[PDB]
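These notes are about the structure you will find just below.
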Amino acid sequence: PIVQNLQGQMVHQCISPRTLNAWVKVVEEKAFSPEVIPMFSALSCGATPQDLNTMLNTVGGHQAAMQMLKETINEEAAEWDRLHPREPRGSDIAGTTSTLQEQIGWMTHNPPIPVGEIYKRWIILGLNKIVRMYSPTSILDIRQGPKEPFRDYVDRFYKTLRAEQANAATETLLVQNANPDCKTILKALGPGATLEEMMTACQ
Amino acid sequence: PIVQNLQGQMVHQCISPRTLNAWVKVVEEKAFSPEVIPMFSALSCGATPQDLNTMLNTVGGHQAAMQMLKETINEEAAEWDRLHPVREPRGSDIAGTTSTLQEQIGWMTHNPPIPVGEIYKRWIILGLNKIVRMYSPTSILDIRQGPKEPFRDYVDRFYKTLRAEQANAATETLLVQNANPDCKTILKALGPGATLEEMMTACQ
Amino acid sequence: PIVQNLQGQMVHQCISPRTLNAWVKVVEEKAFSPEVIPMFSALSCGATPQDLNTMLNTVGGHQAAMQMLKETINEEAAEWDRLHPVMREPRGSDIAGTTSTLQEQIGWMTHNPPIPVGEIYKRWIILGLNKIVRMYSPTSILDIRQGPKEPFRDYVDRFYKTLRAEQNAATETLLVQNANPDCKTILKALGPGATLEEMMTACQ
Amino acid sequence: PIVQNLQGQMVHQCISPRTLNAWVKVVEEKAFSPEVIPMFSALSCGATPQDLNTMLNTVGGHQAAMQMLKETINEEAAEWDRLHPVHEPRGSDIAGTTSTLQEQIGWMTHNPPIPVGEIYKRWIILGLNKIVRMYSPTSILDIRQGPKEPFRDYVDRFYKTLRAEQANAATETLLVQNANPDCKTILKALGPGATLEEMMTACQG
Amino acid sequence: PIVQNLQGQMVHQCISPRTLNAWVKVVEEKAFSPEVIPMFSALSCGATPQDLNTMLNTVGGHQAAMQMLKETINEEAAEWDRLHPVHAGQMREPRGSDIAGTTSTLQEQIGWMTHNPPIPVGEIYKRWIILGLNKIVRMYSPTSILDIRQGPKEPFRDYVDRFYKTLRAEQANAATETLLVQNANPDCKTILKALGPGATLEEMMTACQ
Amino acid sequence: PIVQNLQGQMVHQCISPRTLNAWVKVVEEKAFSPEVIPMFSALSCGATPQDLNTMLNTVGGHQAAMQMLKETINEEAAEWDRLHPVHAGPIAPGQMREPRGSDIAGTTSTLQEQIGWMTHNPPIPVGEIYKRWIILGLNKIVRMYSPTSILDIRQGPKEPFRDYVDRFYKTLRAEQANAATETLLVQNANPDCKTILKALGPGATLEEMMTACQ
Ligand SMILES: NC(=O)c1cc(-c2cccnc2[C@H](Cc2cc(F)cc(F)c2)NC(=O)Cn2nc(C(F)(F)F)c3c2C(F)(F)[C@@H]2C[C@H]32)ccc1F
Ligand SMILES: NC(=O)c1cc(-c2cccnc2[C@H](Cc2cc(F)cc(F)c2)NC(=O)Cn2nc(C(F)(F)F)c3c2C(F)(F)[C@@H]2C[C@H]32)ccc1F
Ligand SMILES: NC(=O)c1cc(-c2cccnc2[C@H](Cc2cc(F)cc(F)c2)NC(=O)Cn2nc(C(F)(F)F)c3c2C(F)(F)[C@@H]2C[C@H]32)ccc1F
Ligand SMILES: NC(=O)c1cc(-c2cccnc2[C@H](Cc2cc(F)cc(F)c2)NC(=O)Cn2nc(C(F)(F)F)c3c2C(F)(F)[C@@H]2C[C@H]32)ccc1F
Ligand SMILES: NC(=O)c1cc(-c2cccnc2[C@H](Cc2cc(F)cc(F)c2)NC(=O)Cn2nc(C(F)(F)F)c3c2C(F)(F)[C@@H]2C[C@H]32)ccc1F
Ligand SMILES: NC(=O)c1cc(-c2cccnc2[C@H](Cc2cc(F)cc(F)c2)NC(=O)Cn2nc(C(F)(F)F)c3c2C(F)(F)[C@@H]2C[C@H]32)ccc1F
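Protein chains in written order, with PDB author numbering: chain A, 1 to 85, 97 to 177, 183 to 219; chain C, 1 to 86, 97 to 177, 183 to 219; chain F, 1 to 86, 96 to 176, 183 to 219; chain B, 1 to 87, 98 to 177, 183 to 220; chain D, 1 to 88, 94 to 177, 183 to 219; chain E, 1 to 177, 183 to 219.
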């Protein structure tokens, strides 16, 4: 990673072992749950492309999703080569034809060229694709059970939505696919009600 | 976040991995108990508005409450935009939706300082309080002492429940009104205007 | 807290997650055993009043003891308003943290002459916590007596443990008085005025 | 390791206990999976040859793999002596058998820097690549999708095995071949020059 | 504790939350096992007497041993008040109650330690605490070095493990060597005598295996 | 131990709690496997003779092994006295005194004396010299705790060649604490894998021998 010294000078700090193990464990547990994308963005704060490639390589398993991310990176890197015809190229930003010297030289410059933050965008885009492919249920099938507390139903509704679109139609659909015991109370509250009101009434 | 450099300067650091994992595991265990409101504000020390979003996004599950927090933030930002007509920040800039980290750091380091990180944290704590209310099913009214329960355990449930609902003398009269008659009479034995130390020591 | 800057100064730092989690685990384990008091002191080293309120809000359960601590604080604070009448001078609610900003709290702690509103607030909290240690220990030193075969070490351990919550030569008289008659005679064979080492070595 | 002081001056520091324990627990758990190479390279950032030997020694078990690594180290060291004769370090110096920590630090901090830490790590990673191919239970040519295996679960085993062999366009040509006849037909139907995204979307059933 | 500033000045710091829980968990486990002394001296590295009191007050249970430690402190402090009588631009002569932290402030404790003629009121107090802790290790010792005999099947290594384990809690010598050979089970004891004198523990554990 | 200050100065630091607990857990679990030796040297990186004794003392159990290390230290110490006799006469001004074996072992030396020796220029690394003696004794302890010998490591009926070479070099790792190890490795292979190794030929890499039997 690249952090600033006590002398206010951007230097290349080594990737911390706590961040390495944290990222591997996140994938081992959450396994592409929507919160893995923010956890990757935060654990890769100011990371050179070499560091991003190291974090992705330590991912144990899920190799199918990794090739899909690799293809997404390849597509985005080529698009960078078109919109921007020394200048960094898509291969330099992805860490394939760039040295750590070149990556640091691009990041610690005035004006800077954040080859690490650009690469993190490409990674987050492909990772967002992986969360949609991994979403087991569609929002059209999230329907409140007979004895399911309304909080638990909304817990599944907005998680499924956070993975699919990784909209007032969600408001109509949430009531439309709700238990009748609660659906009557939801119509009682009337249109345009705070989610706090809906869940307070169906308690 | 924006911390204190050795030279007294306000420099921007990365969010700690330990602080990330701590916040995630706190929701996994305490699960919107009242004890999460101080834990969030303590792990969000000097946080930029962007750093606050990152923390709330790493929350695993409970995605119902998180939408409730979104709507709370959207309501508080509209009151900010109303009470500040038309570079001073607006509510979208405070919540980090239409602001960059450069802009957020700018407002936080200016003299005079506009603490957009602390103003956003204020709204978040509001929505988090409304969440703790909801995760408290039993109202303060239904907390009554069973005759086979000590008075210490009854006041425990009374003030733990009120802790969520509050986010007063009538609350103390409800503490006496909802006691088992074995100790309730001993509460009227002490009379009004007494310390909880005496109110618990006597019935013990 | 307010730690010493490595430039020889005094700068405000954020409350460590390790410090918070250590305090939460102490209450979840020892649960107001007397050893909880010195652990709170060490974990609140140079803490601002705001940092102290955060350590108390994170306490899981025991809310009956917490409201008691609030009343103790509201007592010690009204006391400061009395015998201290009148950067602005700190009042009782300023030291407690209910009407003082973190900047004002830092101002008093880093002033010269320094107004230690952090250590003052810590004294008020420690007193009420001592009331909790005494209340959570209904067993008195008078009822502590040695059983038939209970080793002398097992009886002395319970003796000074109960005495530690209640907080002296009267403890030495009560220690021998409440021993079982088999060892009590051996202690008299040692003679009056004996060390605890000798009193336990004899009754081995 | 040779870190950078907060005053900018590169300085030597002791190996972190967490860095050591992490490396041991990596081999205790992943045990020479393909992801063991990048974890070693990350935890050995800026390490000295002495520090590299300490990491490889704390490995409990897998001694056959470790001796195989040792022989790979000697082979690469014999080449370094021929291609780069010391009129200057030699192979044993970079390996850490005839050099001191002061000599290593001197090479790693010099106007003309001889990075014996990264050179030794290069040889170690090569031998560690051999261990991953050896511990690889199956070849990429023996991975075939079952009639009841979802196309995703088969692609997972495919690229997991491929990361072991390859320490490549022919990998995509083999993926379609070793599939169940149902999804295999749909893949040829999607047309060559497709994305794994589309190849999996078309076989969700 | 009194640590070194990055500049190089002796400055005071808070007791580490990690060092605190380290000491409490050592008592909860080893429970005055012989290795409790070294852990205390290490965790109290450069600690003020106030910090030394904090460590000794956070121990869970064992309150009887604590009063015995307090008595051992009072004895060593009174002897300090004897060997160094208080005489009435430097620091005042510390009395034993100051070294223990009963009648001294943190500023005074730091003043003695951070002074050109250093008065280490932390290391002297730590010597008193170590002396009283060694007493507690003897009391918690269940068996004596004279009652440690090799069981008929018990291997020699297992016997020598218990021998020096108990001796480490007692002493806190060639007669211990003879006591080791002589308390062994008879077959091995004859082998030890068959080795003769001038035997390293490596040799007498190698032959009797 | 002795660390390197931000201002570029060899200063003294307190032994780390995490470093201590890690060393205790290593002995509690691995318990004198040959990988405990490098873990000790790394955890005792630049440690004073005082810190070295603090680590060895906190070892719970194995007190018989610890006494064997103690006696091995005394042997190396008297040897240090033989080749480095302490000379009489008052210590030259500005120079450190001459250390003896008990000084290096920490029995008759203060922390400031150890610090002055290590941070001097020329530096006398009493910590590293003591560590050498400690490692030499720990090496004997690994040889004693070695269950079997390298000459008795013999491959089972269907035991794969890899599982046999693991036990082979593991045991040799304790004994050493050579081309004859090649003959000793081939000789003990079960008759199945034994023939395949002989068919390969001499001067064959371990990768070749293992890939062959497979
Ligand atoms: N265009 C490219 O080639 C390319 C190259 C790298 C690059 C460079 C240096 C070092 N590391 C890498 C990447 C980083 C990475 C990326 C990603 F999107 C997902 C990941 F997990 C890891 N990692 C590998 O290349 C390892 N790897 N190897 C294989 C193989 F098929 F060969 F077995 C497979 C991977 C796998 F993980 F990427 C996919 C399972 C399939 C960066 C971006 C690029 F665009
Ligand atoms: N007005 C807005 O939109 C809005 C946008 C952000 C913003 C910007 C950039 C990056 N992150 C965010 C937020 C941060 C956040 C806030 C919060 F209060 C609770 C949280 F947990 C997380 N996070 C998401 O927007 C993700 N998200 N997405 C969905 C959806 F339903 F769409 F799937 C759901 C979330 C969910 F987590 F917030 C709630 C489950 C429902 C800030 C404040 C705003 F006002
Ligand atoms: N006079 C006051 O109010 C008062 C306010 C604070 C203050 C200010 C800012 C932030 N935090 C606080 C306190 C800190 C605290 C103190 C204490 F002694 C024990 C504790 F545990 C926590 N904590 C709360 O205010 C939360 N709180 N809320 C309720 C309620 F009844 F409302 F539900 C209950 C608490 C509860 F925990 F303190 C008691 C269960 C009852 C300081 C001192 C004061 F004098
Ligand atoms: N030219 C050499 O010999 C040589 C020497 C070292 C060297 C120097 C100082 C300190 N450490 C070492 C190595 C480091 C190491 C390397 C490696 F590739 C795998 C590892 F795990 C460890 N470690 C040992 O030598 C210990 N060791 N000992 C034996 C024995 F057979 F003797 F028991 C066995 C080992 C074993 F681990 F290497 C193999 C099981 C067989 C460096 C590179 C060289 F080229
Ligand atoms: N001569 C003294 O007075 C004296 C005073 C302290 C002192 C000062 C400030 C703060 N703390 C202390 C001591 C520190 C301590 C010492 C020790 F050796 C063992 C320990 F564990 C703790 N500890 C207490 O004061 C608490 N304490 N209280 C009682 C009581 F019986 F009164 F309830 C009991 C203790 C108990 F733990 F020490 C013994 C069980 C009995 C230092 C040394 C002195 F010489
Ligand atoms: N020549 C010496 O005496 C001698 C003294 C120390 C010394 C000095 C100060 C502080 N610590 C020590 C040593 C350090 C140590 C060494 C070692 F090799 C193994 C270890 F684990 C620990 N440790 C003890 O003295 C504790 N100790 N005590 C006994 C007893 F027998 F008395 F019970 C036993 C030990 C035991 F652990 F060393 C052996 C079980 C037997 C240094 C080197 C020397 F040469």
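Where is the CB? At the ideal position from N, CA and C, for every residue including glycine.
Check	Outcome
Proximity test, Cβ basis, 8 Å: residue 158 of chain E and chain D	no
Option nearest residue 156 of chain E by Cα separation, candidates E:130, E:132, E:196, E:110	E:196
Residue environment, residue 126 of chain E, which counts as buried when at least 16 other CB atoms sit within 10 Å	buried
Chain-ordered chain F contacts of residue 71 of chain D [CB-CB under 9 Å]	210, 211, 212
Check: residue 66 of chain D C-beta below 7 Å from any heavy atom of ligand 5	yes
Range of the contiguous alpha helix (DSSP H) that encloses residue 63 of chain E	63-83
Among E:217, E:210, E:219, E:218, nearest to residue 68 of chain B - alpha-carbon criterion	E:210
Whole-Å CB distance - residue 102 of chain B paired with residue 49 of chain B, under 8 Å assumed	Not confirmed; about 10 Å, so no contact.
Residue 98 of chain B versus residue 212 of chain E - alpha carbon distance	32 Å
CB contact flag (residue 38 of chain A, residue 173 of chain A, <8 Å)	no
The stretch 35-52 of chain D: positions lying closer than 7 Å to chain E by Cβ	35, 38, 39, 42, 43, 45, 46
Distance, residue 104 of chain F Cα to residue 129 of chain F Cα	7 Å
Minimum C-alpha distance to residue 51 of chain F - residue among F:26, F:9, F:114, F:77	F:114
Nearest to residue 131 of chain C (by Cα), restricted to the options C:73, C:189, C:191, C:119	C:73
Rounded separation between residue 193 of chain D and residue 168 of chain D - CA only	10 Å
Beta-carbon neighbours of residue 77 of chain A, restricted to chain B and to distances below 8 Å	Near residue 77 of chain A there are no residues of chain B at all, since even the closest Cβ is about 15 Å away, more than 8 Å.
8 Å Cβ cutoff met for residue 117 of chain D and residue 76 of chain D	no
First and last residue of the uninterrupted alpha helix (DSSP H) at residue 165 of chain A	161-175
Near ligand 5: residue 70 of chain D beta-carbon under 7 Å from a heavy atom	yes
Range covered by the alpha helix (DSSP H) that runs through residue 104 of chain F	101-105
Contact with chain A by residue 204 of chain C, beta-carbon distance below 8 Å	no
Members of the stretch 86-119 of chain E near chain D, C-beta cut-off 7 Å	none
Near ligand 3: residue 169 of chain C beta-carbon under 7 Å from a heavy atom	yes
Distance cut-off 7 Å: residue 63 of chain C Cβ against heavy atoms of ligand 2	yes
Residue 173 of chain D CB to nearest heavy atom of ligand 6 below 7 Å	yes
Residue 45 of chain B versus B:2, B:80, B:200, residue with shortest Cα-Cα distance	B:2
Opening and closing residue of the beta strand (DSSP E) in which residue 124 of chain E lies	Premise fails: residue 124 of chain E is in no beta strand (DSSP E) and is neither H nor E.
Residue 164 of chain C versus residue 214 of chain C: straight-line alpha-carbon distance, rounded	12 Å
Three-way DSSP call (helix, strand, coil) for residue 141 of chain D in this model	helix
Beta strand (DSSP E) segment containing residue 10 of chain C, residue limits	10-12
Backbone CA spacing between residue 17 of chain D and residue 28 of chain F [nearest angstrom]	16 Å
Contact with chain B by residue 66 of chain E, beta-carbon distance below 8 Å	no
Ligand 5 heavy atom lying under 7 Å from the CB of residue 106 of chain D	yes
Residue 141 of chain D vs residue 32 of chain D beta-carbon contact at 8 Å	yes
Cβ-based burial, residue 152 of chain D [other Cβ within 10 Å; buried from 16]	exposed
Residue 137 of chain F beta carbon near ligand 3 (any heavy atom closer than 7 Å)	yes
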